[PDB]
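1. Requesting a structural model of the entry that follows:
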Amino acid sequence: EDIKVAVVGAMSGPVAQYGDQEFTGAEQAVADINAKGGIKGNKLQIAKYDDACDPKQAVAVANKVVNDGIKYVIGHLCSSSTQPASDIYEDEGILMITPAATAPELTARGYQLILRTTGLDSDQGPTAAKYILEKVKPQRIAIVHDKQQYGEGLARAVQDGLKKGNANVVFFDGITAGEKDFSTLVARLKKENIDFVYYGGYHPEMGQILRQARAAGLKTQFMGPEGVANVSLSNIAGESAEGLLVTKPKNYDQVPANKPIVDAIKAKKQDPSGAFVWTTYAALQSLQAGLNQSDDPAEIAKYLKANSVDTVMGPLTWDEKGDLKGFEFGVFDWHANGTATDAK
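-> Numbering: from 1, shown residues only. The structure is reproduced below:
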């Protein structure tokens, strides 16, 4: 024996690009782990499947994983695919570790064999709040959102961490997604003299506000979450987006210590910059730490949920629901050409 791990991806559709990232992270991980001894001499063997990211497909792959005797699943890529197999895997005591599903309900059910190795959108609020608090230290903050869920939930979470922290949140305002005319918002930023704006939404509107806010001679520093970091933003904003602070995953790619992994991924002519390469690799590192402990999926879940795991992504810790604990996104200084740098 050799240990089998089912790595479930989309190596199929338009999403084939995310599936690619995970197979590259998973594959690198297994060669590193078994090159160094495996698990007490027991080598890992990836046994790959295809979801295609169809929730009907997903259950099909989960029925196969089962009837194939696989007990450790790495994945399910998309929230829509995963939820459905989630049930199937709990029903049959199979541990599932996902490196990309961020749907809050995967973890709201009371399942015990689900772990994530990705941060969640929710996670960006506390990131923002902290950064503002400790690094930016603005004087008069306005918080605006699109009254869309994503955006409003993040404006509401930043808003909260802003007052435990005793910040001066001058006003909290809603915007009608699809507005292109923000004259009204910008005259108000002018007047109540805001120096920092946090915008919870998407790039259309962000690119709108920026253009418009600079044209009015407003020097206000803006911050948004990743839903804002799109090529489209810069195709439209240009210059106006220079200096926007953005919340998004850290380039694990780039930490001095992941070097040997980057070096090596790139040797096989594969792309080590994608994000699920790090979340998948880290997912493999956690299952390995657990395996050195016990064979039992319930025993690994337990061991993981109470200890910390040192991964390629940093020391990792889970809550009882299996969500990453004290997880943080990186802050990036965006540029006029669609490029972004690590912020101080």
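2. which residues of the stretch 1-150 of the chain fall in strands?
-> 3-9, 44-46, 49-50, 72-75, 95-98, 114-116, 141-145 (DSSP state E, counting those that start in this stretch).
3. contacts for the second one?
-> For strand 44-46, contacts defined as C-beta atoms under 8 Å, 6 or more residues apart in numbering pick out 2-5, 7, 26-27, 30, 33-34, 38, 74, 284, 288. The way it works is simple: take the backbone N, C-alpha and C, and place the C-beta from them, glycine included.
4. I'd like to know which of those is nearest to residue 82.
-> Of all those, residue 82 sits closest to residue 74, with 11.8 Å by C-beta to C-beta.
5. Let me know the secondary structure of residue 173.
-> Recorded secondary structure, residue 173: strand (DSSP: H, G, I helix; E, B strand; the rest coil).
6. pretty sure it contacts residue 146?
-> No: when contacts are counted by C-beta atoms under 8 Å, residue 173 is not listed as touching residue 146 (10.6 Å).
7. which of the two has more neighbours?
-> residue 146 (23 against 14; other C-beta atoms under 10 Å).
8. what's near enough to touch residue 197?
-> So residue 197 contacts 141-144, 189, 209, 213, 220-223 (C-beta under 8 Å, 6+ apart).
9. Then residue 338?
-> 231, 233-235.
10. One more pass at 7 Å, please.
-> For residue 338, the contacting residues are 231, 234, by C-beta atoms under 7 Å, 6 or more residues apart in numbering.
11. and it, what helix or strand is that in?
-> Using DSSP states H and E, residue 338 maps to neither a helix nor a strand.
12. okay, now the residue lying closest to residue 20 once chain neighbours are set aside: neighbour count?
-> Excluding its sequence neighbours, the residue lying closest to residue 20 (C-beta to C-beta, 6 or more residues apart in numbering) is residue 11, at 6.8 Å. Using other C-beta under 10 Å, residue 11 has 20 neighbouring residues.
13. ok, now how distant is residue 11 from residue 48?
-> Counting by C-beta to C-beta, to the nearest Å, the gap from residue 11 to residue 48 is 8 Å.
14. residues bridging contact with these two, i.e. touching both?
-> Common neighbours of residue 11 and residue 48 (C-beta under 7 Å, 6+ apart) are residue 23.
15. on that earlier part again, generate a PyMOL selection restricted to the buried entries among the contacts of strand 44-46.
-> Of the contacts of strand 44-46, the buried ones can be selected in PyMOL as follows, counting by 16 or more other C-beta atoms under 10 Å:
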select buried, resi 3+5+7+26+27+30+33+34+38+74+284+288
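16. for the contacts of strand 44-46, which one is nearest residue 132?
-> Ranked by distance to residue 132 (C-beta to C-beta), those are led by residue 284 at 34.7 Å.
17. Identify the residues contacting residue 313.
-> Applying C-beta under 7 Å, 6+ apart, we find residue 313 in contact with 252, 278-279, 282.
18. now it, nearest residue through space, not along the chain?
-> Spatially, and ignoring its direct neighbours in sequence, residue 313 is nearest to residue 282 (4.2 Å; C-beta to C-beta, 6+ apart).
19. tell me the centre residue of this structure?
-> Geometric centre of the chain, nearest residue: residue 119, 4.3 Å, by C-alpha atoms, centre = their mean.
20. List the contacts of that one.
-> 249, 324, 327, 329.
21. List just the nearest of these to residue 15.
-> residue 249 (17.7 Å).
22. Distance check, that closest one against residue 195.
-> From residue 249 to residue 195 the distance is 27 Å (C-beta to C-beta).
23. again with residue 81
-> 44 Å.
24. Show me where the protein has its helices.
-> Taking DSSP state H as the criterion, the chain contains helices spanning 16-35, 55-66, 79-91, 124-131, 149-163, 183-191, 203-215, 231-237, 259-266, 276-291, 297-304.
25. Point out the other elements, helices or strands, that the fifth one touches.
-> When contacts are defined as 3 or more C-beta pairs under 7 Å, 6 or more residues apart in numbering; DSSP states H and E, helix 149-163 sits against helix 124-131, strand 141-145, strand 169-174, strand 196-200.
26. related to what we said a few turns ago, the residue nearest to residue 20 contacts residue 23, doesn't it?
-> Yes: if you go by C-beta atoms under 7 Å, residue 11 and residue 23 touch, sitting 6.3 Å apart.
27. can you put the contacts of residue 313 in JSON lines and add neighbour count?
-> Shown next, in JSON lines, are those (neighbours: other C-beta atoms under 10 Å):
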{"residue": "252", "neighbour count": "24"}
{"residue": "278", "neighbour count": "27"}
{"residue": "279", "neighbour count": "26"}
{"residue": "282", "neighbour count": "26"}
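28. Looking at those residues, which is nearest residue 95?
-> residue 282 (15.1 Å).
29. dump the residue contacts of the closest one.
-> Counting by C-beta under 7 Å, 6+ apart, residue 282 has contacts 117, 311-313, 316.
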